[PDB]
Structure formats: C-alpha cells, structure tokens
Amino acid sequence: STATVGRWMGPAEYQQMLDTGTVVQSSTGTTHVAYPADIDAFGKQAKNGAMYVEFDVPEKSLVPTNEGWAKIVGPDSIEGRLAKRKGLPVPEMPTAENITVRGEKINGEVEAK
Ligand SMILES: [Zn+2]
Ligand SMILES: [Zn+2]
Ligand SMILES: [Zn+2]
Ligand SMILES: [Zn+2]
Ligand SMILES: [Zn+2]
C-alpha cells in the first residue's frame, strides 16, 4: 500500500532520487514530507530555486508525527540510532515511485504544475 507525498527539494535531491528510485537520506537523516501532498503545505518555507516534487512511497515507511506532516526516518537519523540501540531493525530509505515535478519557487513566488 502506497501513499502520495510532496516535498520541496533542490535539484540534486531530485536527480538522485530519480536515478536511484529511492528517497534520499537528508542531511539530518530525517526527510519531512507533505501528507497528503500539497504544494502549499510548505511552499512558504521553501527556498528560492527549489522544486516541489510529488512521489509514491510505501505507507508503512511514514512515521507518526502528531503534526500535519509526515516523516521518513533514515539509518543515520537520531531516531535510527535510537532504534539500533534498542535492538530494533535499522530504518531503511524506501522506494519512491511516480516521481513528478509539480511546482517551482522562483523569486519568492510559488508556481504550480
Ligand atoms: Zn520532524
Ligand atoms: Zn497555492
Ligand atoms: Zn505543530
Ligand atoms: Zn513562471
Ligand atoms: Zn516557471
């Protein structure tokens, strides 16, 4: 079972994700996403030159946040490091399918599709 999510990212993340077919582990090891996907969810916080990209991941890979967004946890995140110490399985970056560019942020303004 899969869920469509949305994320604002740099082109380098976009390309790596496309090439590997897998979600890229972020600089903190934690990848925040808009669920359900919405360009407007984090469009304000997004940096100029960023791309809004929607993609499909297994629903099971989405970790509960008690907030209006979802997150994907990687092996080197603090959550992953805690999991290993507790003898839990190492979190793994899930597959990402139907990767589609749905927006861009140019000169402080958000454009859809
Ligand atoms: Zn978070
Ligand atoms: Zn809008
Ligand atoms: Zn909050
Ligand atoms: Zn334009
Ligand atoms: Zn444009």
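All residue numbers in this chain count up from 1 along the given sequence. Note that these values count all heavy atoms, side chains included, but never hydrogens, waters or copies made by symmetry.
- At least one donor-acceptor pair closer than 3.5 Å links the side chain of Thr20 to the backbone N or O of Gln16.
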Run the numbers on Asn48 and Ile106 for side-chain contact (heavy atoms from CB on, under 4.5 Å), then give the verdict.
CA-CA 5 Å; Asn48 280 327; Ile106 308 298; 5.8 Å; no
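- Other residues, nucleotides and ligands place no more than 12 heavy atoms under 6.0 Å from the CD atom of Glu92.
- The cluster map of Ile, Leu, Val, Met, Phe, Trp and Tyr, joined by side-chain heavy atoms under 4.5 Å apart, puts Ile72 and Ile99 in the same cluster.
- From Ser27, atom OG reaches atom CD of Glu13 across 10.0 Å, with rounding to the nearest 0.5 Å.
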Between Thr4 and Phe55, does the side-chain contact (heavy atoms from CB on, under 4.5 Å) criterion hold? Intermediate values first, please.
CA-CA 6 Å; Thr4 295; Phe55 51 98; over 6 Å; no
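- Between the side chains of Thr31 and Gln25, no donor-acceptor pair is found at a separation under 3.5 Å.
- Just one residue in the list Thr95, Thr100, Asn98 forms a side-chain hydrogen bond (donor to acceptor under 3.5 Å, both in side chains) with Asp56, and that residue is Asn98.
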Take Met51 and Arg102 through the side-chain contact (heavy atoms from CB on, under 4.5 Å) test and state the conclusion after the steps.
CA-CA 8 Å; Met51 296 166 73; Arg102 303 283 316 277; over 6 Å; no
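- Within 6.0 Å of atom CD in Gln15, more than 12 heavy atoms from other residues, nucleotides or ligands are found, so the atom counts as buried in its surroundings.
- In summary, the aromatic rings of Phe42 and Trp8 are positioned with their centroids too far apart to meet the 6.0 Å limit.
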Does the side-chain contact (heavy atoms from CB on, under 4.5 Å) test come out yes or no for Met17 and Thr22, once each step is laid out?
CA-CA 5 Å; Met17 195 176 157; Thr22 314; over 6 Å; no
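- Note that the OH atom of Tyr14 and the CG atom of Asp19 stand 10.0 Å from one another [nearest 0.5 Å].
- Between atom OG of residue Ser26 and atom CZ of residue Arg7 there is a gap of 6.5 Å, rounded to the nearest 0.5 Å.
- Contact annotation: the side chain of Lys71 never approaches that of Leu62 to less than 4.5 Å [non-hydrogen atoms, C-beta and beyond].
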